[PDB]
Each structure stands twice: as C-alpha cells, then as structure tokens.
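Written below as structure tokens is the structure these notes are about.
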C-alpha cells in the first residue's frame, strides 16, 4: 500500500532525446511573449499582463515575480510550474545567503540554483519535470546587470537581450537593431513597447503590458528615510499610469 | 520503493538478464591464465589501435586484491570498479579480524557473492563482467586459478580463457598442457601464454601485457622489450615445425 | 580470584580456583571459573560473570561457524580480536571481562592471549592475572623452567594458587587443574585445599625456609 | 602513563619506547614493544591507555593500508599525520575518546627530508627536532636544549637518549624500565638492539 | 501499483547494451565541441561554441570552461544542466581529499568516483544517467600532465589528444598527423588554431566563437597556473597565427 | 527518584539426588513486616520435569517467568512438541537474565528436575546471568543458615568421623526420597523460628519420572 | 514485467511454475536413508585437463550433522546456505543442541516468498524465487537419520529416498525396487554407484561423482576422493564379471 | 519521574463465600486540602468487577479513561459478550498489569496501587493486588494505602485462609467492612466522610450503594475535654 513509483518518468528515446523535455517545450513556445533587455543603464523586463475577466483582479496574478531584491524573473510556459518554482528559488536564496555572506546570491549563482531544481526533477521519478523557461534579469553589484535564460531541463546560457514565447525571432530582430548598448533605461522602455506593438495586434495597451525595471533607487527602496547602512532594493514595478505616460513619450 | 523486480525468470529456467550479461564480455577484450607448477601466468590485452592514447594513465587490467592475489577481467570497466573496490575491502576485513593473511577460496566466495546478490535482489541488475581471480594461499607454493561469472557461479580451472574467441584459445591450450606434466620453468609457460594471446590480438607485442605470479607476493610484470623477443622466437619456431 | 597460565615444553598449565561464599564461610567449593569455548580452547570466567557467561559461549559458536565457513582451524588470536571489538563498544555502559584465551593449535603451537574489559590484547608466555597476581608470580618464577614435564608442572601451578588462597580472601575452596594439550584439554581434578596445605608447607620451603 | 621519547637527528628519526611491564619487584614481561609499521618509512609509536591504544592503532592502520593497495602507491608521513589528527579531532567530541598520544616517525621519501610528528589525543600535531610528553620533558628538555642544538648525527642521538632515560628512572619517580630504540630513515625501519650506552 | 504504469529501460539488451547509455552518447555527438591537447610544458584547451550571436553574451568564456580546482579543470561537451551536478559534487569530493590528507586529489581517483556515480544511475534506482561527456585537463607529479575523457557509461581512458562533441571525427584526423610528441605551449597554440579553422565551417573561426584556456608552468605565475582566456587574449593569438579566416 | 527495587523475602532449597530432585520453598510472601500472602505457590511447575523458583524480589520474578512461559510454548510449536531439557532451559534463562541489566535484576533463581540421561539436577543462577550445576543449593534469604548443615549431612564436606578426623571421614551416600524429606522438614522448622521470611507453609515439589508430586507440611503462623 | 501476485485459473502462481523449470536442468542428487546413515550422492560431471575437477563438488556441509546436495542453479544455493547457517548457529547457542532438518526448511522457505513489489503483509525485496531445490540430510537425536526435499515453492516433504535433477524420472523408479526396510549404509553406497553408472554416458570416476554419508559418531562426513575412488575401483571389476 | 502532589488513600477488600466486598472513600486530595470530594475511585467495570485505584490522581484519571475504553473494546466482536471472552476480573487486572510493569521498567512509572475485586461468572471469587513497584500478590484480604496498615489486621480475624471463607456470610462480611471503614475515617482524616461501597454477589449480581456516609458516630473525644479555647482571664 502507498506509492512504489521510483522508476524515472524521463527516459531516453532512440535519438538521444528526452521525451518529457521535448513535450514541455511545446507548451513554452505557445506561452506569453516575454522579453528582456539590458539597457546598460539598467535592465527592463516586460511581459504580457492579460486579464481572465474584466471583473477579475490582475493584482493577484503573477507574471513578474521578484526572486530576490534586485532581481526579477518572467517566463513563457506553464503558469502553475512557474508559481511553485519561484517559491523554492525564494526560500533557498533567503536561508543560505542573506546572513551567511550577508547579502543576496549573485545572479549567475541564483540561475544555477534554479537550474538544479529543474534537473533534480528531470532525473528523478515520482514526478514529471518542470515545464517552463525563465528570463532572469538582474542586477548584483559584483557583475552589473545580467540576463539569462533558464530552459526547461535546466540548461542555461547568458544573453544581453532575448525573447521567448510566441513570435520570438522577429521580436529579437527589432530589439537587435534598436539597441546595441549604452542606452538610457527610459529609451529601452520606449523600444520595448514598439517591438511588442508589432508582435501583438488585435488590441494593445499599457494596461496589458506589465513592466518592471531593476534600475532605480528611492530612499523608500532602502526601506528607510534615515541614515544609510546599506543600499537595498533596486526592483521597482511600475503602475499602469506610469507605463501609459512612457507610451505617450515618443 | 525500488526493491521491486528488475530480474525475472525465463520459461526455460535461465534468467534473461544473466544471458545478456555474458554477451558484453564476449564483444570485449580477452584475458587468459595458464598454470605451471611454479607460477601462474596472466595475460591481458592492451590493443591500442589509436596512437593518441597516453598509456600510463590509460587504465590497466591488473588489480591487487591483496599482496599475493590478483584479479583480471574482461568486460565494462565501469562495472568492474564497483566489484574491485568491494573485493579489496574484504581482504582487509579478514586481515583485521582473524589476524591472518587471506585465503583465496574465501575471497572467491565473496566475489561470487555480490554478483549473486544483485541477480536475486530487486531493483538491481548483475555486473557486465567476468573475472579471473588467481593467487597463492599463505605459506603455499601451488598455484590457484578461479573463474567467476556475473551469474555468480564459480569454479576452479587449471587454465581458462574469457572474452572474445574464448573457443579458439581453449581449443589451442588443450593441446599444450597436461595436468600430469605442466611446465616447470617460467620461460616456457610464458612462451605458451604469449603465443596463445598472439593469435587473437593479431599484432601485439606491446599490446600484450604479461604478469607472472610466483609464490607469496612475488608478482612481476614483464615488459615490451622482453615480449618482442619471444615473438621473434616464435617466428623461428614456426619454420622449425614446417 | 587468581587464575593463571604458562606455556612450557609440554603445553600449557591452566590453574584456577573455585570458591563461592556466603559471608567468608565457603558455602560450596564449586563456582564457574572455566568457560569451555571449544574442545581445545578455554576461557576463564572472572570479572563480569554475566558478560563472560554470555560472550564466551557466543564466541564458541562463531568459531564453530568459521570452521564451516572457511574450513580452517581458528587461531587464539582470531578468537581474542573478535571479543575485544565487541567489548570496546559496550564500554562506558558497563560490560566487564577478565579472560585469558588459551589454546594449543597446530598452526601456532601453545599460544596465550590476555584480554581485559578495556580492550587491551596482549600476547605473553607467562601470566598470572587476578589480585593475588604478584605473590603467585613469585612462587611461579623461582621454580619456573620452560623445559619440564607435565607432572611437576601441574604441582607448581597448584602451589601458586594455594599461596594466593592463603593471603587473600577471594580464593580457596578447592583448586582445579587443566592441561591444554595439542589434541584438546585434560582435566586433572580438584585438590582439597585442606589436605593440600600441610603437604606444601613442609615441602617447598618458600616463605617457609623457617616455617611461619 | 608510558614514556615515549622521540628525537629527530640528521640522518634518521629515532623513537624510544618503553621495554618492560613491571608488577612489584620483578618484570613479568620485559619483551615489550608497542609500535606499528604503517608503511615501510612511516612508523607510529604509541603511549596512553592500553586498550584505547590497540583499538585506535588497528583502526588507523586499516584505513591507510586500504589506500596503499588501492592506489598501488605509498603515502607520505605528512599524509598520515593529517589523517591521524582529523580522526582524533572527531573522537574528542564524542563521549568515549581515545587517550592516546602518538609520535609518528617518518622519512619523507618524496621530499628527501626527515620528519617527526608528535600528536596529542586532542589532535594537536607539531613537527619538532625533539619532543617529550608529560613530566618527562621537565628533566630532559633542560639537557636537550643545552647540550644539543640542531645538526647532530645518529651516533650522537643514541648517547643522548641513554642519558635522558637514566635521569628519568632515578630522579623522576615514574618507572618504566628503560627504552628499546628504533630508527626510521631512507632505507626503512630497524630496531637498534644495543642499549649499553646507545 | 507501478509495474504496469512504468517500464524497465534500465535493463540489458540482446547485444549486451543498455538502451539509455548508447542513446546518451548520441546526445553528446550533436552538442558543442571540446578538444584537449596535452603538451609537456602545458595543457592547451579549445572549445567551439556552436552558434554565437550579438544577443548572447560571448563575454562569459566559462560557459564550457569550469575549474574544479586550481590544478584540475574540465571542458564540457553536452548540456549545462547535466554538467552542473557532477561539477558541484566533484568540487566537494576534492575538498574531502584535501581535508583528510592535506594534499589535493590526483586526477585518476576523482575520475573513478565520478564514473561510479554515473554507472550508478543505470545500475540501480531505475533512474536516467547524465548525457554529458567530460574532458579532464589535469595534473599529477606521478604522471606529469594528464588528459582523460570519461563517458556516461563510466569508462575512462588516458589521452594526450582527444575530442568529444560534434565534428570530433574531423579534428582528430588532422590532429594525429600534426602532433609533436614533446612540445612547448606556443607550438601547441599554433597547431590547435590551425586545426580549429578547418573544423569550423566556412569563415567563422573567431575569438568570440572560441573558448581557449592554456595551463602553463610560468615564472611570473605559479606552477600549474590555469589561464582561462577572456575574449581579448583570443583576439591576440588569432592575429599572431594570422588564422582568423 | 525512583527505583522500585527492594526485597520480598522467602526461601527455596534445591537438592539433587540419586534419580530425583526436589525444589522445596516456603509459601510466605512478605514486603517488610507485613504479610502479603500466607499461601502463594513459590515453587511452580513450568512443565517438562522442570520446576522453578525466582526468590528475591517478586517484581522481577513475575517478569522473568512470563518471558520464559512464552518460550516454553514457542519451543513446542516450532519444534513439534519436543520437550524442554533442564540444561537447555537453563541456557534460555541465561539469555533472558542477561537481556536486561540496564535495569538490573535481584533474584536468586534455582531450577530442579531430572536431566535426560536420568540423573537429578539442580542449577543455581546469579541475578544478572550465569548458571552452573550444583549438587545442592540453598537459596534465598536464609541460604547462609541452611547450607552449613546441608554440607555435612548431604555432601559430607567439613564432616569427619571421630578418629583423627583427617584420614577418617564419613563418606558420600546418595540419599533416599524419604531421608531427603526428613531433612527438608527439619531445615524449614528450624528456619521458621529465626526468619520471618520463612513460615506459613512448606510446599515441596518432588520431581520424578512418574511426574511432579506435591507434598505439603505445615509451618508456623503469627 | 511479469505479475508476482497473478495466479493461473487453477490458482498456481506463475513464479512457482517457473521456479520448477530451472530445477529440472541440474545434475542428479540422490538420497537414500537407511538405518545406519543417510547417503547423499551427486553427479559432479565434467572432465577436462584445463579444469580442476576435484576442487569443485556439489556436496556442501552446513553443520556438524547437516549437509545438502543441490540440483538446479548453483548461484542460488549460496543465498540459501548463508540464511541456513545463521539460523542453525543462533539456535545452537540458545538451547545447546541440534536443529531439526524440517525446522530449517520452514525458516528458509519463509524468505523464498519475497520476490517482486512489496506487500503490506511482507516486504518483498527480491525479484525472482530461487531456482534450486535441495536435498537436506541430517541427524537429530529425536528422529535419528533423516532425509528431506525442500522445494523453493514452500513445500517440504520427508522421504526415505528421493531423487531430484534432470535424470530423476528413471532414478526414482530404480530407488523403489532397491529400497527395503532392512537396507544398511554399506549396501546403499554401492547401489548409488550402480544407479550412477547406468544413467551416465561415461565411465564413472570420482571427477564426475561424489559420495557422502552420515554416521552419528562423526556427524556429516564427506566420503573423500581417495575412498570414493576405491569404491569405484571395486565396482568396475565386479560388474564387469557379471558379464 | 514523579513524586506526589495529588493523592487518593485507602480502598479495602475482603472475600466471603458467595461474593466480595470493597469499600473506598471518594477523594481527590491536594495534600491535606480535601480539594475534590466525590471523585469516583470505585469504577464498576461491568457488573462483576470493580476496580479500586489508590495513589496519584493524575495517574488515576489516566486509568479511569483506559477502563472506560476497555468496556467499549469489550463490546467489539459481539455485543452480548460478558462471559464469552470479555468482561472477567482476570482480564481487567492482566491488562492493567502489563501497562504497570512496562512503565516502571522504563522508569516513568504509573504511580498507583490497585485492587481488582470481582466475582467471576464462570468461577468463584477474584481478589488480587498490584503496586508501583511491580510486586503483585493475592490474599483473602487486601488493602492499599492507609487501609493496608490499619484495616487489614481487622480483616484478617474474619478471613485470611481459604477455610475461613465458607464460614463468613454476607452479614458477617458486611459488618467487617462497615467496621473497618469507621476506623479509617477515625484515625486518618484524608478519607472522606462520604464513601461508596459495593457488594458483588453470585446471587443477585452487582449491588452498589453509592454515596453512603459514616454513621455510628464517635464523639468519645468529648470525655477528654481539658479545654482548648475555653479561657478565663
């Protein structure tokens, strides 16, 4: 009685592929257009906000989560897989670093920690592997601003701009052409709305874009108005009005 | 739980998994042991085709199990490490506990025993290796030669040969040995061992590795230089019997 | 308790007391003091009685099991080293042992190993172990001679026990003699201390050159 | 305890270790030696509690000997002393420590330098040109420092060690009845039979 | 239960193979290339990053070069993910040898362990194995410079020139010819770059499609100092050989 | 705080004879000066010609016995009703006794019966393990008083016939069942006077190959 | 793979049936229990100059009063022996005496039940049942000389003589005619040799046969190569004079 | 471990020819403060057993639950069961004892002392004692707590051998129990003025008179007034 399932559910096929990773990727291709840009004077990430219903809050909805204070992530794939994964990433990041080295994990180090979760899950049976791909966009004061891709298997590679979801390749073409480093964060926000207007047609607004930047400070993001002791967050998610203001700014 | 089945009966009263373990050994390299009545010779192939191997850190086929005992094999190296490690531990376990140097029979029982377990027990498969175990018992000058299969069965043999073209090397050896008059001198027993193993390696005289075991820890590996000399000689012998 | 063993030309002479008491009045002259391991191996009861009773019979079983397993006679050495490993684990929680593992094997000869509660393992050639050890060794020592025949050898073992029995109140009911030979051990009887005392006093002249 | 001395001379590493067990007037045994060959040029001598001794000694021996066959390579005396230390420093937390102080006398065949290691039961390992444990050192360090200063041979060590042992049995009230001496050098391990003035 | 809800692919085959292992090598043969040239004053290492862009960083030149020690490093051919678990555990296996004996692990011990963990995933558990092949770039004072490759099957072999990844076949055919049995680093660098261009299709060989590391003895750097070449030092060496074409 | 261990008195006596053996015990059970019982069988038949008494502390007796009663049952099942030998039973107890010593036991156990080759046998145990075979064994609180008589008259030790009393002695005769019972009644009648741990009743179980035979003699009541 | 709890319409498990298939392929083991001993004989078989034929035997001692000869897979009979020694040793320590051959077979048969996926009744740790059947022969002081056939299925029967192996169909048939209730140890051993000769396609030597016996002044005793051959020498001449 | 803070004292018993009698005060003490007056400490377990428990109340509460679970588990396997395989005095006592021994053997002990009285419906009288030390015994008279000391010598004059048991009647028996208890309240003040007393009959099953009160009052102390508050300056 009870489970006995310990046989791996991810297995090799005659070609050298892994059935479960192939499947999972189809889901990711069909998922919501997300991109990431390093502006060099920041990092701007944008993703599609969506609504389920007009009578539905989209405050609760999670399309951009802060993994650690200076770092945000966005994705294309399977929403439920994303939500749990964010949780295990937040937990280990807090317990194992935030009073051990006395600060957040470096971006590359955090990409490896995610990578490991996904790989445990691919090796081991009882459970199928995560079906997701992430774009982890970040700042760490020992590597600047970074952009990574995290694949479903947990393969990762460095990027300085990319897009995943539906309609990626052409989105990368517009981004490649418009930005080539040394660019204001504001300007990268403008370029990003332009790339996505061409990418999404039928109805387009800044109330269907959810935009976050890592690329600012306020005293409010030290979390106190007194005498500094540390630097604190640089994650800031914008409200819908601010985004419409940048849509009005040519 | 992964204690459930992974090795099942045949309807013929074999086991599928043991029949498939023996195949990996055959595709493999060849190892042989031929007995005198003063030594036990072990020949092992090193047929380096390619010249981009560096061969002082290319794995050997000869392990100490004990200072007076050797193990040679034919089969997957990966599996063979796992067996080789458990067998070294067992020699030291006896040494510690009985205050006594190790006897060959018990070690063979041990080597047999781990392989035997993994066919019988669930969620494990047997090793991909057949072995030859040889050495000398303490205070003893008569040779010992054992064969174990990954079935877990075990036997003694006056001489035995394994891996690729086992048939060919048994068949030859059978004409050149009698139990009533086996060889007394190292040189002629080694000559015979090099000659059998020449006939299956193809070209080889640096690709053949001989190690000759005399009583109680006199274990000496003959070199290329020496082997090239016996091969010359064999090319002189084959036009004295023409 | 004074329990002894020596290796000499003829083998080993194992000499021991037997004595159980209710007060100081010796209730019975018979207590266990020799534990029979195997037909050629002796181990002595002393120290933790219970620890000795359980673990030397246990030892006998494991030895019998080796003779199946490996088809070889055990060493006295192999016997001792097993005992010691187990003894050290249960230390600091109790467990007390006082034994000498004595045997005469064809593959070593007469061989004696000393084994204690702390896990020492010692080989020697002459032992007295006990609390009457120093006196008993005196008697043993001045008439010791490796070359010597079994008859005299026995009487000397016995005299060391009586000498010990008299000064100390932890021995002397009767004296039990055993000769461990190549082909197993031979009992030589229980000697009444009462008849034995009168003979020894006159005879040895040791602590008794001028009788006292 | 057990009086164990070591002196590292120029050509060899000399360890001196007690030769008898005394019960009363007379030596019951005087054929004692307590040392174990770890490897042909790594030696360990031992002092402490007599049952903690054999139990540790065979435990450490077994591990290092498993590494020797496995790799078909002899390990350094440095290698062994780090190993001995770590293992002591796991047990000293535990509720039944060993209470064994060791000296491991070795010729490092791979540096071609002599090495002497003195290791406490605590796990305090120190490399020294001479050392002692306990109350022994008060009488013998005072000679060793004055009369001996580094860069002295095998012959010189033999006489020095004799002098030391004679003062310990007179003037210090511990009795252990002299030492029988062993030399660990390049060519392995010999027991120096003589003890008349060497 | 799980008997008719699972299968057994970790069993043997009627040739003596294991399904997933044979297949694992296939996965490796279409992954990016790693090359190992052992010299006798150094180790020269080259890797091709197949496909590079101005949207990927090419700036990170540890992407397939990881140091497992300051004396041993591997070059990876297969997946980043598969790689990550054996690296992290290998680095840990190091620290254990280092703590115990106060001396670094030889290459050979560390390989034999790795291989035993990899064999393990097909040997019990029902699990899947890794799909990444490692080239060990390494040191001993018993064996000089050492060059190994180990596979998901757990067989390991000694080399002084090896390749795994794609285009293995082309690199090794040129390399065996142009090899010099004892050679300096700078000579190795000339030989490597020469081989490299003609294993990379058309005009493509660039500094920023390459990862280069060399392990030299030095005399302003310490004995066995691993230099993992960052872009700019690749740019230099290409111009010196003149091979950029 | 707590240690339940004390004492509960009582006295048992085992005698090996020529073909037979007895286990005699008083039937008084105490805790200090109070009477727990004035009849409570203090020799009990465990079966197989084996009768058994754990004198000392009661609390351990009851436990020792229950462990052992289930072993008599399991020996039979697992070995098709093959009856338990006095020596084998003694080994089985040794292991029980030895099984607890982290909670240590304070009993003097004695078993009596016949061995299987037909000689009366009595075995005496030490409270945390050990047994050895004895000819005669007095046990319990009043062990020390009973044994010095017993040694003269049964065992013919420290007993010599008026002459020189040193090369003339009184010799060993194996007693009869009648002659043993006289002795046992005499011991116990003297014992009642001197010990408040003996009295009330005397149950003698005499054990023969015709079974276990019960005898009852009366003793003193306050 | 194949069910571990899935029965035939009769109600006899697949795994049990398959157990019966490996048994039938070994070399014969034949026991006759008599009133002075138990004889166990085997065909060892194989004679080669590249083979040490008098270093391998199929009659292994469990205890100083218990042997077993086997037929079927030999690798399997090693696990059965390891369990059996442990159980017998622990019982000799607790009650000082011989363990019963029937008792031993039941203790072993209990661990023959594990195979497959686990139960909630039992933790099934193995993968197949054992593919060897055994004739366990012994002595006890409470039933004298005995002979037992343990099947790996669970059933164990006491016999006065039984043969197992490949050549058992013929062998058993001969056993009955030769069997009577005044049969002795010395006759039984000679007869064993007759049976063995008959069914061989070779000459009977002691490098293809091994004898063993039980006497209660020596326990389980292997009839050695030197004695077994002397018995073979006596056979060949006497048979070859009835022709 | 533990040492008392809460006590109950005194449960007394005897056998007669055709039943048993047991009587006990009803008490939860906090020392010498009679804190809970009325606490059950005769627990009828069925109609043929009464369990008397003396000692620590904290421990008594736990057994009180355990006995009420034994009834519920005695209705399991057949509901009309009461001499078929459940509900006999020997069963209730052996059960309590197995727990009692285990707890002391690990030294975190049940700090009670118990008297199980009943009349088997298959046999004759049942009377057996068990304490915290693991000593258990049987006798025709038994008492715990103070009553062991003081009541039990009174009990022994009526019955204390087998032979005296047929010669005691319900009336003679009841007179000894009513005498003994009057003694218990007189020399020991812990024992509550209200008690419950039960007579367990072969002839008429279980008769339990609850909440009975000491009567035939002593006011003997009045003879000995030499004053203790009667002051004249």
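Our numbering is plain: 1 for the first residue shown, then up by one each step along the chain.
This deposition comes from electron microscopy, 9.3 Å.
Cβ from N, Cα, C; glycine included.
Noted in Swiss-Prot for the protein shown:
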CROSSLNK  E:99  ubiquitin cross-link
CROSSLNK  E:198  ubiquitin cross-link
CROSSLNK  E:230  ubiquitin cross-link
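Between residue E:99 (ubiquitin cross-link) and residue E:230 (ubiquitin cross-link), the C-alpha separation comes to 32 Å. Neighbour count (other Cβ atoms within 10 Å of the Cβ, all protein chains): 14 for residue E:230 (ubiquitin cross-link). For the pair formed by residue E:230 (ubiquitin cross-link) and residue E:198 (ubiquitin cross-link), distance between Cα atoms is given as 23 Å, rounded to the nearest Å. Secondary structure at residue E:230 (ubiquitin cross-link), as computed by DSSP, is coil.
Applying an 8 A CB threshold to same-chain residues 6+ apart, the list for residue E:198 (ubiquitin cross-link) reads E:170, E:174. Just so you know, the Cβ of residue E:99 (ubiquitin cross-link) picks up 10 other Cβ atoms within 10 Å once every protein chain is counted.
DSSP classifies residue E:198 (ubiquitin cross-link) as coil under the three-state reduction.
Classification of residue E:99 (ubiquitin cross-link) by DSSP places it within a helix.
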